[PDB]
């Protein structure tokens, strides 16, 4: 049994970040990874998605060339040109991450880890056993797919993983789901030319976001050509002579349900959820607590119910973002190896950007969450809706919506929600202000930068 100071299971966002910071502090660390370093984000997540979003953005702005005095570009987009440069970029990142571990003297153990029945927590990878007084589980998650028993033919559809393997742009695509991944995929496929439908169980997408955002985002999707199929779900899928045929039931409240067949579908993409990667760890051997979905239960310090075993990232099922796994991973390294016992991540005020068209930026409480926490009488919101100056001269239009949620007499800014051009790069700084406890007066006393869309947030009345 080879011993280390820190054993990290999973070489993704949280695992690499934690192992590297631990090493800086003097810990002899090893990272176990069965697949590719960089994990979900680098390989089939944030990075390849952003490159594809940058591609879709070019496609949208191209609609505006003639309005700006430029000649029209004839036609056909070539998916494989960008797909290949994208894959190459991911290969470059994998090599960089490997180099980063080696330069920090972190040992990389390749293979699938699983806990053993040994008394003191011990894992086995390819027949060999490894142990450490501190073991971090950062195995992340994976796309969820319907069971063939509940939806016959579900296995004919792909997940976001499959999206990154596509070598040609699908002609007709149906995305099922209403969360940010679904919205992003629908927006990229549609911008690039696929006849796209987004199937949702209710009437709006991103239902956990402030209502101004779910409402505005659903409308922008429709305005951009995405067919949003409301109150609908797949009953079954079948392979026809030319594509898939999707049977769906649409049950709009107050109407009779209606069954419809969507024919000649080239791509059915399930974007219904993520499931934690814990089934093959043999957690049961140590009695590590999980919820019924398989997520590992942890306290505020990322401790599991078993001493010397921690968990961070997607596997814990809360705030499924790369920077969250990274921040939690680092805070944990400081707690264990620098002895800062108060080192832990504050899960409040975590900012998020959804790469839709236009992008969405959000941090803090939605209006309803603030109303429930402070009381209707103590919540005041300020909002604005305008057409960015960029569209002053175009036939195509997008809107920019912003909402500021304030609480109490002092009007502490507890939430900022917005959608519009530039919102993706605009959020970080306001997130710093919100984390500091800014009030509306702090925003109001900051001189505006003109002409920008960002200045609207410091001049709300």
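Numbering follows the first chain given and starts at 1. In this text, rigid core is short for the largest set of C-alphas that superpose within 1.5 Å between two forms.
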query = Of the stretches 70-78 and 369-377, which sits farther from where it is here in 8 other deposited structures of this protein, on average over its Cα atoms, after fitting the core?
reply = 70-78
request  = Taking the root mean square of C-alpha distances over all structures and residues in 8 other deposited structures of this protein, with a rigid core superposition, name the larger of 60-68 and 42-50.
outcome  = 60-68
ask   = Once you work out the mean C-alpha B-factor for both 34-42 and 53-61 from the entry, which is higher?
value = 34-42
Of 229-237 and 136-144, the one with larger mean CA B-factor = 229-237
ask   = Highest Cα B-factor in the deposition, which of 84, 314, 184, 299?
value = 84
inquiry  = In terms of recorded Cα temperature factor, pick the maximum from 95, 321, 258, 332.
reply    = 258
key: Relative C-alpha B-factor of residue 210, binned into the chain's lowest, middle or highest third   = lowest
task = Would you check the entry's CA temperature factor for residue 295 and let me know if it's in the chain's lowest, middle or highest third?
result = middle
Chain thirds of CA B-factor: placement of residue 407 = highest
task = Would you please rank residue 395 by its C-alpha temperature factor against the other modelled residues of its chain and give the third it falls in: lowest, middle or highest?
result = middle
task = Could you tell me which third, lowest, middle or highest, the C-alpha B-factor of residue 263 occupies within its chain?
result = highest
